[PDB]
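Visitor: Structure provided below as structure tokens; questions to follow.
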Amino acid sequence: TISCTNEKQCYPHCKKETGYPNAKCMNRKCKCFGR
């Protein structure tokens, strides 16, 4: 998926995607816990 390192990297990723700021960054990939 995207390319990040720290979990704070997917903060704006999931926030603007689903609307939840809770996101994680593992293996350069971002996940949204606010599905």
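The chains in the structure tokens are called A, B, ... from first to last as shown; in each chain the residues are counted from 1, and the ligands are counted from 1 in the order shown.
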Determine, counting only C-alpha atoms, which protein, DNA and RNA residues have an atom within 8 Å of an atom of residue A:31; residues of the same chain fewer than 6 positions away are not included. Present the result as a PyMOL selection string.

Guide: chain A and resi 10+14+23-25

Visitor: Can you check which residues of chain A DSSP gives as strand (DSSP E) on the backbone and send them as an NGL selection string?

Guide: :A and (23-26 or 29-32)

Visitor: Deliver the residues from the most recent selection as a file, using N, CA, C and O atoms, as a short mmCIF file (atom, residue, chain, number, x, y, z; two decimals), in the first residue's frame.

Guide:
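again.cif was written with the following content:
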```cif
data_model
loop_
_atom_site.label_atom_id
_atom_site.label_comp_id
_atom_site.auth_asym_id
_atom_site.auth_seq_id
_atom_site.Cartn_x
_atom_site.Cartn_y
_atom_site.Cartn_z
N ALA A 23 -5.05 5.17 13.01
CA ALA A 23 -4.49 4.39 11.87
C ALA A 23 -3.15 3.79 12.28
O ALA A 23 -2.50 4.27 13.19
N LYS A 24 -2.72 2.76 11.61
CA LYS A 24 -1.41 2.14 11.98
C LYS A 24 -0.51 2.06 10.74
O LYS A 24 -0.97 2.05 9.62
N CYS A 25 0.78 1.99 10.95
CA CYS A 25 1.72 1.91 9.79
C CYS A 25 2.66 0.71 9.99
O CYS A 25 3.61 0.77 10.74
N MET A 26 2.39 -0.38 9.32
CA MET A 26 3.26 -1.58 9.47
C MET A 26 3.67 -2.09 8.09
O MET A 26 2.84 -2.27 7.22
N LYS A 29 2.72 -0.04 5.15
CA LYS A 29 1.28 -0.05 4.78
C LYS A 29 0.47 0.67 5.87
O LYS A 29 0.85 0.70 7.02
N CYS A 30 -0.64 1.24 5.51
CA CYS A 30 -1.47 1.96 6.53
C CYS A 30 -2.80 1.23 6.72
O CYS A 30 -3.35 0.65 5.80
N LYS A 31 -3.33 1.24 7.92
CA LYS A 31 -4.62 0.56 8.17
C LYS A 31 -5.58 1.53 8.87
O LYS A 31 -5.16 2.45 9.55
N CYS A 32 -6.86 1.33 8.71
CA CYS A 32 -7.84 2.25 9.36
C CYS A 32 -8.65 1.50 10.41
O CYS A 32 -9.35 0.55 10.10
#
```

Visitor: Provide the atom CA of residue A:33 to atom CA of residue A:19 distance in Å, to one decimal place.

Guide: 10.1 Å

Visitor: Please identify which residues in chain A DSSP calls helix (DSSP H, G or I) from the backbone, and express them as a PDB file with N, CA, C and O atoms, in the first residue's frame.

Guide:
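Saved to states-v5.pdb:
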```pdb
ATOM      1  N   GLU A   7       3.407   4.835  13.020  1.00  0.00           N
ATOM      2  CA  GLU A   7       1.923   4.736  12.942  1.00  0.00           C
ATOM      3  C   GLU A   7       1.316   6.131  12.765  1.00  0.00           C
ATOM      4  O   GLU A   7       0.256   6.288  12.193  1.00  0.00           O
ATOM      5  N   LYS A   8       1.978   7.145  13.252  1.00  0.00           N
ATOM      6  CA  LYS A   8       1.434   8.526  13.112  1.00  0.00           C
ATOM      7  C   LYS A   8       1.383   8.910  11.629  1.00  0.00           C
ATOM      8  O   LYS A   8       0.771   9.892  11.254  1.00  0.00           O
ATOM      9  N   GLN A   9       2.028   8.150  10.788  1.00  0.00           N
ATOM     10  CA  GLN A   9       2.025   8.476   9.333  1.00  0.00           C
ATOM     11  C   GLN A   9       0.635   8.235   8.737  1.00  0.00           C
ATOM     12  O   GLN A   9       0.229   8.899   7.803  1.00  0.00           O
ATOM     13  N   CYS A  10      -0.098   7.290   9.258  1.00  0.00           N
ATOM     14  CA  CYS A  10      -1.455   7.014   8.702  1.00  0.00           C
ATOM     15  C   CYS A  10      -2.506   7.806   9.481  1.00  0.00           C
ATOM     16  O   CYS A  10      -3.686   7.527   9.403  1.00  0.00           O
ATOM     17  N   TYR A  11      -2.095   8.790  10.229  1.00  0.00           N
ATOM     18  CA  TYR A  11      -3.085   9.587  11.005  1.00  0.00           C
ATOM     19  C   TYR A  11      -4.005  10.351  10.039  1.00  0.00           C
ATOM     20  O   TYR A  11      -5.214  10.257  10.139  1.00  0.00           O
ATOM     21  N   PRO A  12      -3.410  11.080   9.125  1.00  0.00           N
ATOM     22  CA  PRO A  12      -4.156  11.865   8.124  1.00  0.00           C
ATOM     23  C   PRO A  12      -4.635  10.954   6.990  1.00  0.00           C
ATOM     24  O   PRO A  12      -5.534  11.289   6.243  1.00  0.00           O
ATOM     25  N   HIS A  13      -4.030   9.807   6.856  1.00  0.00           N
ATOM     26  CA  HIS A  13      -4.430   8.865   5.773  1.00  0.00           C
ATOM     27  C   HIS A  13      -5.835   8.334   6.052  1.00  0.00           C
ATOM     28  O   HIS A  13      -6.745   8.499   5.262  1.00  0.00           O
ATOM     29  N   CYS A  14      -6.016   7.692   7.171  1.00  0.00           N
ATOM     30  CA  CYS A  14      -7.357   7.139   7.507  1.00  0.00           C
ATOM     31  C   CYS A  14      -8.305   8.272   7.897  1.00  0.00           C
ATOM     32  O   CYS A  14      -9.488   8.217   7.640  1.00  0.00           O
ATOM     33  N   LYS A  15      -7.798   9.300   8.520  1.00  0.00           N
ATOM     34  CA  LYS A  15      -8.682  10.425   8.925  1.00  0.00           C
ATOM     35  C   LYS A  15      -9.404  10.985   7.696  1.00  0.00           C
ATOM     36  O   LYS A  15     -10.595  11.225   7.719  1.00  0.00           O
ATOM     37  N   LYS A  16      -8.689  11.210   6.628  1.00  0.00           N
ATOM     38  CA  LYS A  16      -9.332  11.769   5.402  1.00  0.00           C
ATOM     39  C   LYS A  16     -10.035  10.664   4.609  1.00  0.00           C
ATOM     40  O   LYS A  16     -10.914  10.930   3.813  1.00  0.00           O
ATOM     41  N   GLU A  17      -9.652   9.432   4.800  1.00  0.00           N
ATOM     42  CA  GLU A  17     -10.297   8.330   4.033  1.00  0.00           C
ATOM     43  C   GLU A  17     -11.640   7.957   4.665  1.00  0.00           C
ATOM     44  O   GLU A  17     -12.686   8.148   4.078  1.00  0.00           O
TER      45      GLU A  17
END
```

Visitor: Need the shell around residue A:28: protein/DNA/RNA residues with any atom at most 9 Å away, counting only C-alpha atoms. Skip same-chain ones fewer than 3 positions apart. Format as an MDAnalysis selection string?

Guide: chainID A and resid 1:6 25
